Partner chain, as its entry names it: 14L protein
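We begin with a single chain expressed as structure tokens, specifically the form solved without its partner chain.
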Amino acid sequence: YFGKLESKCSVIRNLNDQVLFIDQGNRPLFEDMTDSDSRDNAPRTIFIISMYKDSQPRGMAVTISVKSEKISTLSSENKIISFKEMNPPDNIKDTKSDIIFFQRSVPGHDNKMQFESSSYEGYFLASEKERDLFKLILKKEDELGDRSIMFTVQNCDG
């Protein structure tokens, strides 16, 4: 079971220092900071990472949420990326949850982080190029050295 401990304002960047944002269509994408849309994208670059105490310690249990008009929370349900219409909860009774990811650092690189679905072992948040776009996806990943599943997290609380 999980219990929420603290929430932190966060900016998430991929392997190429592109910044995660939510577009008009509620799609999680990555922007180059010289992109012409970076001005309009800027409010949608802010994520809330909430840390959870875990009765079955496997990694740092977190939810990732966005604050638009209302709060929505990132989900790995059905092995894809979506946003559940829900604030991060105070308590979660189960040991696995579609909104809980295990955040862990990369061996030798304490600042590089990987987020594993707690529902689907071996599935990770990843950056993927798809035509002209860079998309946040849920990727079945056998190779933990794959830099496309590595992110940095910058605190904006201060």
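Residue numbers count along the first chain shown, from 1.
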For this session: Select between 125-133 and 38-46 the stretch whose C-alpha atoms have the higher average B-factor in the entry.
Result: 125-133
Exercise. Per the entry, where is the mean C-alpha temperature factor higher: 135-143 or 5-13?
Worked result: 135-143
Seminar exercise, completed: Max C-alpha B-factor within the set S55, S105, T63, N26 falls on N26
For this session: Ordered by C-alpha B-factor within the chain, which third holds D90? Give me lowest, middle or highest, please.
Result: middle
Problem set entry | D98 CA temperature factor, ranked by third within the chain | middle
Seminar exercise, completed: Among the modelled residues of its chain, the C-alpha B-factor of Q114 falls in the third labelled middle
Problem set entry | CA B-factor ranking of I81, expressed as a third of its chain | highest
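Beyond what is shown, the protein has a form solved in complex with its partner chain; the following relates to that form.
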Exercise. Does at least one non-hydrogen atom of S119 fall within 4.5 angstroms of its partner chain in the bound PDB entry?
Worked result: no
Exercise. Is there a non-hydrogen atom of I46 within 4.5 angstroms of a non-hydrogen atom of its partner chain in the bound PDB entry?
Worked result: no
Problem set entry | Close approach of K53 to its partner chain in the bound PDB entry, 4.5 Å, heavy atom | yes
For this session: Give a yes or no for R58: in the bound PDB entry, does one of its heavy atoms lie within 4.5 Å of a heavy atom belonging to its partner chain?
Result: yes
For this session: Quick one: name the residues from 83-107 with any non-hydrogen atom within 4.5 angstroms of its partner chain in the bound PDB entry.
Result: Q103, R104, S105
